[PDB]
Amino acid sequence: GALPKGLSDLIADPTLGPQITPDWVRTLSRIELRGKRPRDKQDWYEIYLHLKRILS
Amino acid sequence: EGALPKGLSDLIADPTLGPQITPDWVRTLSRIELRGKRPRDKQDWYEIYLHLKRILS
């Protein structure tokens with residue numbers, strides 16, 4: 074896959090994944106700081122929930 | 073849309089909060105958007121920055 078591994082993990086999670094739309098995957102996939110990214114699926118979900126409240 | 077969100081420009085120009093945002097952070101934050109929608113005002117950007125900085129160490 075071409076997504077960060079923790080994000081691919083989140084999308085494959087059968088309870089947490091299905092709610093995350095393709096637009097959100099794209100938004101999340103662009104988050105990086107000199108290649109450092111949220112490291113695991115919990116990190117990605119944590120930022121997703123907070124961003125969703127700002128941007129949805 | 074502008075490369076640098078206007079609310080993030082406001083954050084960077086803010087004398088109390090602006091100093092904390094390195095140029096790399098500016099460019100990282102500038103890429104956060106959902107279908108062209110971005111965070112609005114300087115405080116919204118700072119709220120995001122604080123949380124994301126803690127996540128990314």
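Residue numbers (the deposited numbering), protein chains in the order written: chain C, 74 to 129; chain A, 73 to 129. Note that beta-carbon positions come from the ideal geometry of N, C-alpha and C, so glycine has one too.
query: Whose C-beta lies closer than 7 Å to the C-beta of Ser102/A among residues of the same chain, with five residues either side of it excluded?
result: These residues qualify, in order along the chain: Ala75, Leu76, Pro77 and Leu80.
**Item:** Neighbouring residues, chain A, relative to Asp96/C (Cβ below 9 Å)
**Value:** Per Cβ cutoff of 9 Å: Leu106 and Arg107.
**Prompt:** In chain A, which residues lie less than 8 Å from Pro87/C when you measure between Cβ atoms?
**Reply:** Those within 8 Å of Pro87/C in chain A number zero; the least Cβ separation is about 24 Å.
Residues that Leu128/A contacts on chain C, provided the C-beta gap is smaller than 7 Å:
Near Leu128/A (Cβ distances below 7 Å), the residues of chain C are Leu106 and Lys109.
Starting from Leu122/A, find everything on chain C with Cβ-Cβ shorter than 8 Å and list it in chain order. Within chain C, no residue comes near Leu122/A; the closest Cβ sits about 10 Å away, beyond 8 Å.
| query | Is DSSP giving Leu76/C helix, strand or coil here? | reply | Note: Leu76/C maps to coil in three-state DSSP.
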